[PDB]
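**Student:** Chains as they are written, first to last, in the entry's author numbering: chain q, 1 to 57, 68 to 131; chain r, 1 to 131; chain K, 120 to 179; chain T, 31 to 71; chain L, 505 to 655. Each residue gets a CB set at the ideal place from its N, CA and C atoms; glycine is no exception. Supplied in structure tokens, the structure appears directly below.
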Amino acid sequence: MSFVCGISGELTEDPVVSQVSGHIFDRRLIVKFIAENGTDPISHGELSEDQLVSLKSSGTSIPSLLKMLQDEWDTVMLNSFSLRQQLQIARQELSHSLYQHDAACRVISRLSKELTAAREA
Amino acid sequence: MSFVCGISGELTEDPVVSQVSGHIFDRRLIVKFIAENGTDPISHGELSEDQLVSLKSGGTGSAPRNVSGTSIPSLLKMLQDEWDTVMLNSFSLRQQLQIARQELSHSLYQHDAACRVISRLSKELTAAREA
Amino acid sequence: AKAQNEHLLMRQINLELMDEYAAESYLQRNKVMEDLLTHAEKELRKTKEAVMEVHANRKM
Amino acid sequence: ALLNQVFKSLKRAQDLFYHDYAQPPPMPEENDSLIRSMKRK
Amino acid sequence: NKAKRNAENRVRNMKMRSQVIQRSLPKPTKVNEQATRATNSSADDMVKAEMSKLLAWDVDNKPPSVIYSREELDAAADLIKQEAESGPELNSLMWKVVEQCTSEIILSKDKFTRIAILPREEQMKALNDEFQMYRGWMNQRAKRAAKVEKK
Numbered sequence: 001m002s003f004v005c006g007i008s009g010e011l012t013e014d015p016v017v018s019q020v021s022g023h024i025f026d027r028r029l030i031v032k033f034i035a036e037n038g039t040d041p042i043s044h045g046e047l048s049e050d051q052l053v054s055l056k057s068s069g070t071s072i073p074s075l076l077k078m079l080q081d082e083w084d085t086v087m088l089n090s091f092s093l094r095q096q097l098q099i100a101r102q103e104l105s106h107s108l109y110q111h112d113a114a115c116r117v118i119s120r121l122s123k124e125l126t127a128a129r130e131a
Numbered sequence: 001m002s003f004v005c006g007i008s009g010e011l012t013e014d015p016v017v018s019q020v021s022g023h024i025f026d027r028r029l030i031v032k033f034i035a036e037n038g039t040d041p042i043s044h045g046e047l048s049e050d051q052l053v054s055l056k057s058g059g060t061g062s063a064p065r066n067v068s069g070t071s072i073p074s075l076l077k078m079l080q081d082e083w084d085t086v087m088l089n090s091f092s093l094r095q096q097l098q099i100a101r102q103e104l105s106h107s108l109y110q111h112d113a114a115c116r117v118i119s120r121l122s123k124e125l126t127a128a129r130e131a
Numbered sequence: 120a121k122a123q124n125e126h127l128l129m130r131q132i133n134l135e136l137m138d139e140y141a142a143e144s145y146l147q148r149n150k151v152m153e154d155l156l157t158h159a160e161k162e163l164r165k166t167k168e169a170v171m172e173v174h175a176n177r178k179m
Numbered sequence: 031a032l033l034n035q036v037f038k039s040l041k042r043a044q045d046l047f048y049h050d051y052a053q054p055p056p057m058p059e060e061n062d063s064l065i066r067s068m069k070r071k
Numbered sequence: 505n506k507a508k509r510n511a512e513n514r515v516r517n518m519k520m521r522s523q524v525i526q527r528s529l530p531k532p533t534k535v536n537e538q539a540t541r542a543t544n545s546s547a548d549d550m551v552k553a554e555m556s557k558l559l560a561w562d563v564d565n566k567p568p569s570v571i572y573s574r575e576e577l578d579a580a581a582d583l584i585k586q587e588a589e590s591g592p593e594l595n596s597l598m599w600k601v602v603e604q605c606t607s608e609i610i611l612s613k614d615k616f617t618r619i620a621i622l623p624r625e626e627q628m629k630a631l632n633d634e635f636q637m638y639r640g641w642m643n644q645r646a647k648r649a650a651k652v653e654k655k
């Protein structure tokens with residue numbers, strides 16, 4: 001059947017599920033995730049490779075398959091770039107929002123102090 | 001021969017593998033170890049002489065060893081290792097983006113902060129201008 | 120142009136790691152390859168004598 | 031709809047960061063290091 | 505006299521700094537001279553005015569003429585978050601519209617605009633310069649790569 005890996009979002013040939021969260025993964029990614037991060041990737045709990053339960057279970071032209079790789083690799087790298095570009099834009103929106111917030115606190119601080127003067131005019 | 005014994009550590013000329021160990025031994029070593037101890041040195045499982053098979057190379061049809069360094073398996077292997085790295089990289093970027101994108105949505109107070117300033121300044125003006 | 124930007128980034132990371140470890144791994148590769156050559160020349164010499172021994176047993 | 035607030039917020043964020051626009055998007059240090067650690071492993 | 509007595513002052517003054525400094529979030533390399541223009545009458549204008557001082561403090565290290573305690577700012581921040589309501593949840597629709605903005609927004613005539621509102625020939629110039637920027641970024645990398653490769 002079709003199974004979707006939680007890390008890649010791709011159809012996987014080797015679907016495996018972790019007992020610490022119940023999300024399906026490609027075995028190879030989650031083992032590399034565990035071997036690098038130690039946690040479950042979705043629930044962030046401690047995980048280990050023995051806690052993984054395996055789920056149950068054409069060719070056309072080599073010049074074509076090599077061109078399917080080329081186009082598919084460009085799509086994977088395009089995505090990775092747009093994520094780095096989108097992540098900096100999110101940080102730029104975030105840091106601007108904090109500046110507006112901190113400037114507003116200074117204004118509210120300034121005005122609230124000035125409002126004390128009206129009690130001693 | 002290119003086989004190195006797991007126990008003696010030498011490059012053997014009598015390579016033998018035992019079914020329980022999945023490991024490579026000298027014939028002259030493993031037979032006396034079976035004789036004196038009956039046991040796999042690696043797993044500590046039982047052994048008997050029928051569990052032992054001796055390795056060979058260079059038979060008829062045996063392909064020439066590729067030494068050119070490049071190969072189709074090894075290129076597909078490292079293309080796979082690139083792919084795993086880029087997905088786990090992209091996953092952590094996607095996680096980072098979700099965290100940043102989540103909190104800046106929760107932080108969208110700024111129009112309500114502006115109404116509070118309007119409310120405060122208008123109160124201030126009516127409190128400043130009463131004398 | 121976005122896709123090539125990431126290929127070049129991954130190329131740089133590969134090249135920088137390659138600058139740390141290529142010299143060692145190529146040296147290690149040669150040290151394995153040298154062993155195969157000597158062991159192959161051992162097999163070549165051993166089989167030559169056996170062919171010669173058959174000529175001996177024929178002449179005798 | 032929320033798109034108006036999103037657009038104006040993003041527009042101000044771009045305008046505040048205007049002089050940085052010519053810089054390429056960075057690679058986070060965590061991500062660069064986790065690429066290298068996987069490669070080394 | 506140099507641990508806790510000064511360590512308190514080190515952390516104290518760091519809590520007076522903007523949260524962009526405290527979180528080490530991105531901040532602009534130069535304060536945009538357009539980001540301080542205001543109609544000098546809205547509540548947004550004075551907040552933009554104070555924000556311009558915060559930016560100068562964080563970018564230029566030009567500190568403000570008046571400084572506020574963490575207590576004043578937290579008391580002011582409390583007054584915001586008790587007033588603020590209906591903060592929207594993150595959802596797939598939000599993801600769609602933010603992504604659309606990252607393709608819809610391009611600079612033209614030295615200003616950020618919608619793409620669709622520009623004259624066609626100005627869209628072509630904008631997209632040309634947008635493309636030429638990416639080609640610059642590639643070439644800046646490729647030269648660095650070739651340098652290491654040649655070694």
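Can you list, in chain order, the residues of its chain with a C-beta nearer than 8 Å to that of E10(q)? Leave out the 5 residues immediately preceding and following it.
**Tutor:** The count along the first sequence starts at 1 and reaches residue 10(q) at position 10. Cβ neighbours of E10(q) beyond the five flanking positions: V4, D26.
**Student:** Can you give the Cα-Cα distance for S54(r) and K32(r), rounded to whole angstroms?
**Tutor:** Start at 1 with the first residue of the second sequence, and residue 54(r) comes out as number 54. Start at 1 with the first residue of the second sequence, and residue 32(r) comes out as number 32. Taking the straight line joining both Cα atoms gives about 16 Å.
**Student:** State the CB to CB distance for the pair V17(r) and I24(r), rounded to an integer number of angstroms; the pair is presumed to be in contact (CB under 8 Å).
**Tutor:** For the purposes of this step, residue 17(r) is identified with residue 17 of the second sequence, where counting begins at 1. For the purposes of this step, residue 24(r) is identified with residue 24 of the second sequence, where counting begins at 1. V17(r) to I24(r), Cβ: 5 Å. Contact.
**Student:** Spell out a yes or no on whether the segment 99-107 of chain q and the segment 137-144 of chain K are touching, meaning 3 or more CB-CB pairs, one atom from each, closer than 8 Å.
**Tutor:** Segments in contact, no.
**Student:** Contact defined as beta carbons within less than 8 Å: I believe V563(L) pairs with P532(L). What is the distance between those atoms, to the nearest angstrom?
**Tutor:** For the purposes of this step, residue 563(L) is identified with residue 59 of the fifth sequence, where counting begins at 1. For the purposes of this step, residue 532(L) is identified with residue 28 of the fifth sequence, where counting begins at 1. Right, the Cβ-Cβ distance comes to about 6 Å (below 8 Å), so this counts as a contact.
**Student:** Interface residues of chain T around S74(r) at Cβ under 9 Å?
**Tutor:** Within the second sequence, the letter at position 74 stands for residue 74(r). Result: empty, since nearest Cβ-Cβ is about 16 Å, beyond 9 Å.
**Student:** Strictly below 7 Å CB to CB, what residues from chain q border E125(K)?
**Tutor:** Here residue 125(K) corresponds to residue number 6 of the third sequence, with the count starting at 1. Here the neighbours are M87, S90, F91.
**Student:** Could you tell me whether the segment 37-56 of chain q touches the segment 573-591 of chain L, where touching means 3 or more Cβ pairs closer than 8 Å?
**Tutor:** Segments in contact, no.
**Student:** List the residues of chain K that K69(T) touches, going by C-beta distances under 8 Å, in chain order.
**Tutor:** Start at 1 with the first residue of the fourth sequence, and residue 69(T) comes out as number 39. Residues of chain K passing the Cβ test: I132, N133, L136.
**Student:** Can you tell me which residues form a DSSP beta bridge with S18(r)?
**Tutor:** Locating residue 18(r) in the second sequence gives position 18, where the first residue counts as 1. Paired residue(s): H23(r), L52(r).
**Student:** Count the other CB atoms within 10 Å of the CB of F635(L); is the residue buried (16 or more) or exposed (fewer)?
**Tutor:** As a first step, residue 635(L) must be located in the fifth sequence, where it is residue number 131. Residue burial is scored here from C-beta neighbours: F635(L) has fewer than 16 other C-beta atoms within 10 angstroms and is therefore classed as exposed.
**Student:** Below 9 Å on C-beta distance, what does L32(T) contact in chain L?
**Tutor:** Taking the first residue of the fourth sequence as 1, we reach residue 32(T) at position 2. Residues of chain L passing the Cβ test: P592, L597, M598, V601.
**Student:** Do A113(r) and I584(L) come within 8 Å of each other at the CB atom, strictly closer than that value?
**Tutor:** What you label residue 584(L) is simply residue 80 of the fifth sequence in a count that begins at 1. What you label residue 113(r) is simply residue 113 of the second sequence in a count that begins at 1. Yes; because the gap between Cβ atoms is below 8 Å, this pair is in contact.
**Student:** Name the one or two DSSP bridge partners that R130(K) has.
**Tutor:** Indexing the third sequence from 1 puts residue 130(K) at position 11. In the DSSP output, where bridge partners are listed per residue, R130(K) has none listed.
**Student:** For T12(q), I'd like the list of residues in its chain whose CB is within less than 6 Å of its CB, leaving aside the five on either flank, ordered along the chain.
**Tutor:** As a first step, residue 12(q) is located in the first sequence; it is residue number 12 there, counting from the start. Taking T12(q) as the centre and dropping the five residues before and after it, the same chain places the C-beta of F3, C5, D26 closer than 6 Å to its C-beta, in chain order.
**Student:** Which chain L residues are close to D45(T), counting only those with a beta carbon under 7 Å from its beta carbon?
**Tutor:** Position 15 of the fourth sequence, counting from 1, holds the residue named residue 45(T). Those are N536, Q538, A539, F616, listed as they occur along chain L.
**Student:** Please state whether DSSP places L11(q) in a helix, a strand or coil.
**Tutor:** Numbered from 1 along the first sequence, position 11 holds the residue referred to as residue 11(q). Secondary structure at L11(q): strand, using DSSP grouped into helix, strand and coil.
**Student:** Against chain r, which members of the segment 160-175 of chain K pass a CB distance test of less than 7 Å?
**Tutor:** none
**Student:** By how many angstroms is the C-alpha of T617(L) removed from the C-alpha of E125(K)?
**Tutor:** Along the third sequence, one-based indexing puts residue 125(K) at 6. Along the fifth sequence, one-based indexing puts residue 617(L) at 113. In this structure, the CA atom of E125(K) is about 27 Å from the CA atom of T617(L).
**Student:** Would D40(r) and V20(r) be called neighbours here (beta carbons separated by less than 8 Å)?
**Tutor:** Numbered from its first residue, the second sequence carries residue 40(r) at position 40. Numbered from its first residue, the second sequence carries residue 20(r) at position 20. Closer than 8 Å, so yes.
**Student:** Any C-beta of chain q sitting closer than 8 Å to the C-beta of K519(L)?
**Tutor:** Counted from its first residue, the fifth sequence places residue 519(L) at position 15. It does not; no Cβ of chain q falls within 8 Å.
**Student:** Pull up the distance between the alpha-carbon of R120(r) and that of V117(q), whole angstroms please.
**Tutor:** For this step, residue 120(r) is matched to residue 120 along the second sequence. For this step, residue 117(q) is matched to residue 107 along the first sequence. Between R120(r) and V117(q), the C-alpha separation is close to 10 Å.
**Student:** For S569(L), which residues in chain q fall below 7 Å Cβ to Cβ?
**Tutor:** Residue 569(L) sits at position 65 when you count from the first residue of the fifth sequence. Scanning chain q for C-beta atoms nearer than 7 Å to the C-beta of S569(L) yields nothing, as the closest lies near 12 Å away.
**Student:** Using a Cβ-Cβ distance cut-off of 8 Å, determine whether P58(T) contacts chain L.
**Tutor:** Here residue 58(T) refers to the residue found at position 28 of the fourth sequence. By this cut-off, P58(T) is not an interface position.
**Student:** Between the segment 625-646 of chain L and chain K, which residues of the former have a C-beta closer than 8 Å to a C-beta of the latter?
**Tutor:** Result list: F635, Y638, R639, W641, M642, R645, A646.
**Student:** Which residue wins for smallest C-alpha separation from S122(q), given the options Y109(r), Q110(r), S107(r), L125(r)?
**Tutor:** To locate residue 122(q), count along the first sequence from 1; it is residue 112. Answer by Cα proximity: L125(r).
**Student:** Tell me where the alpha helix (DSSP H) around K613(L) begins and ends.
**Tutor:** To locate residue 613(L), count along the fifth sequence from 1; it is residue 109. Run containing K613(L): none; DSSP gives neither H nor E here.
**Student:** Please check if any C-beta of chain q sits within less than 8 Å of the C-beta of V53(r).
**Tutor:** Residue numbering aside, residue 53(r) sits at position 53 when the second sequence is read from its first letter. Not closer than 8 Å to any Cβ of chain q, the Cβ of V53(r) fails to qualify, so no.
**Student:** To the nearest whole angstrom, what separates the beta carbons of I34(q) and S48(q), a pair I think is in contact under 8 Å?
**Tutor:** Reading the first sequence from its first residue, position 34 is the one you call residue 34(q). Reading the first sequence from its first residue, position 48 is the one you call residue 48(q). Contact holds; Cβ gap of about 7 Å.
**Student:** Given a cut-off of 8 Å on the beta-carbon distance, is the pair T543(L) and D549(L) in contact?
**Tutor:** Locating residue 543(L) in the fifth sequence gives position 39, where the first residue counts as 1. Locating residue 549(L) in the fifth sequence gives position 45, where the first residue counts as 1. Less than 8 Å divides the Cβ of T543(L) from the Cβ of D549(L).
**Student:** Of all the CB atoms in chain K, is at least one closer than 8 Å to the CB of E653(L)?
**Tutor:** Walking along the fifth sequence from the start, residue 653(L) turns up at place 149. For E653(L), the answer is yes, since a Cβ of chain K falls inside 8 Å of its Cβ.
**Student:** Beta-carbon of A141(K) versus every beta-carbon of chain L: anything under 8 Å?
**Tutor:** Taking the first residue of the third sequence as 1, we reach residue 141(K) at position 22. Not one chain L Cβ lies under 8 Å of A141(K).
**Student:** Let me check one thing: in DSSP terms, what residues is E46(r) bridge-paired to?
**Tutor:** Position 46 of the second sequence holds residue 46(r). Answer is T39(r).
**Student:** With a cut-off of 8 Å, does the C-beta of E575(L) fall near any C-beta of chain r?
**Tutor:** Within the fifth sequence, the letter at position 71 stands for residue 575(L). Chain r, which has no Cβ nearer than 8 Å to the Cβ of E575(L), makes this no.
**Student:** Does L156(K) come within less than 8 Å of chain T when only Cβ atoms are used?
**Tutor:** Taking the first residue of the third sequence as position 1, residue 156(K) is located at position 37. No - not a single Cβ of chain T is within 8 Å of the one on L156(K).
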